[PDB]
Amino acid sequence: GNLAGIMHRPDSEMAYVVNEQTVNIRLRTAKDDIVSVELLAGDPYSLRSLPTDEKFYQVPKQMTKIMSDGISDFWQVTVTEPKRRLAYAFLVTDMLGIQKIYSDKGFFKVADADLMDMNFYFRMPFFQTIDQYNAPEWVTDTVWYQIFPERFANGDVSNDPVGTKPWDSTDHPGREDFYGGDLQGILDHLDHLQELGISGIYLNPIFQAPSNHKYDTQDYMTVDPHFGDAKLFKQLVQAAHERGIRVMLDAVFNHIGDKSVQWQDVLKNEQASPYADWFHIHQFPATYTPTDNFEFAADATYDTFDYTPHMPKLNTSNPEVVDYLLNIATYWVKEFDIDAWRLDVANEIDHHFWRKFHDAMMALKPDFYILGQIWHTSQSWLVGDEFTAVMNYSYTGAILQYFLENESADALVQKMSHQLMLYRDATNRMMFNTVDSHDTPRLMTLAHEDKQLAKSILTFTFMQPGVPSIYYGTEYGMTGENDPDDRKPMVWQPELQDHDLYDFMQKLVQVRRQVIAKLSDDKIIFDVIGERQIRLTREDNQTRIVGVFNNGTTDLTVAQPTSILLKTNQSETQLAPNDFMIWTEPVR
């Protein structure tokens, strides 16, 4: 009877509209403290307005315990109501059999609860589809491929930066190196991406900027000339779309580069610049004391990304900045037909701006995908009026920690369960899962070149609800420590490529696209079956996909599956340490 562990927050991920007449409701309780939960629910006005003797509270609805995070249990139910108005309360029974009703007014014995008073209950006052979260269906069928354009392929030596180094995937790049990768190189290798099976390309920034990473934007309205031009970008988008590949660009709106027209005008004109209030300048002249690290100053007189004086923060509260950034966001969509924006440092820009951004994008393309780069929990951006999803760093980070270290399977399952219970169910299917990127060490380096372990991490991640992404070169086993070492030139020489891993990744992508993505409204189940042994199940009403992962130090025997989809051991029943086996079976 741990009443302090019970919570329902109305109008949240715990109470939300799925369609015009249907809502999903959740309740949190302390782990294993509550044995059953029923929902009392119906139209608030029905209690006293309708002449019938029936009352909605006389027909409870059972809730189901769907997940546990080791601290709390989470219960869920779907409710349909034709009047589109809902009052509800929870009947909770603890392990000793003590039942209470829990409502907007607190905890009561049922005999003492004011069940005829609509105001006793929690409320979903009218079911508003305009306020609901919507997931674009095309994302569910996508496997993404992330390209850092300076390092994917050089298709044109004539646009190379001064000082471009010979293309060599065995180099350890410096922070300021150039290798000459560009948009023609991407166009040249679309066949490779189609053969791998990917159906979306995520590019890091491509707009004019002085650096190799291009997060210090000089002009958002121009493709960087070392990458290409507008005609070539249009050609790339149309060629991608012809092959069934969607395109996501990186919007760097939190900060601008110090070589932009706007910041240079501040440096010339100080507070007489018309752009002074496009920034966060505390003292004029806008200045800083240089250090031996180009990306660090201790005392800049203006807010920046991190402490780098080269990335002054934009004032997105200023209506001129809003209009400028919305016009950029609209231009690339309208003129080039991109399918998605990935929003850099999205958490540091205000919600007012992101609501205007969402409204503008959805007015152009109702199926647009808006992905925020946020490393921490992101509930306030994922209500339905701002982003579609965020990068799911905490979820994939938990997976990596489990496979690479020695924690219990229980610990991993608790972390993943906690993550899913932060968000609406449809949101969880839009979250973007990548195990590495241009800002972390490469998978094969984290795995200490253990390819079996890398395959297990990828497969476990590709079974999760979110949408997977492959960082360029993962499919050939590329290594690298953190930035800049995670930005090696792509390995194009066959003698240096891991052909077995490439073949495996094609098979894994196929399972994702042809089997997992094609279940109908599936659910996920996590079972800990032994010391560091996990069974993952995804199932709808016809079909169940099951994956067993043996990450202990002993052999594990399973029943021989009839229809094996993917496995690492030659045996159909035995999993040695770090093996896995994925199979499909009819639901009986």
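Position 1 is the first residue in the sequence shown; the rest follow in order.
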**Prompt:** Of 163-171 and 341-349, which one has the bigger average CA B-factor?
**Reply:** 163-171
**Prompt:** Per the PDB record, is the mean Cα temperature factor higher over 57-65 or over 533-541?
**Reply:** 533-541
**Request:** In terms of CA temperature factor as recorded, identify the highest of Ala89, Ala360, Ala239, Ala135.
**Result:** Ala135
**Item:** Largest Cα B-factor, entry values, listed residues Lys214, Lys415, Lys518, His376
**Value:** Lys518
**Request:** State the tercile, meaning the lowest, middle or highest third, of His438 with respect to the CA B-factors recorded for its chain.
**Result:** middle
**Third of chain Cα B-factors occupied by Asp43** = lowest
**Asked** Among the modelled residues of its chain, does the C-alpha B-factor of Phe284 lie in the lowest, middle or highest third?
**Response** highest
**Message:** Quick check for you: using the entry's CA B-factors within this chain, is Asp323 in the lowest, middle or highest third?
**Reply:** middle
**Asked** In terms of the chain's CA B-factor thirds, is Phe294 lowest, middle or highest?
**Response** highest
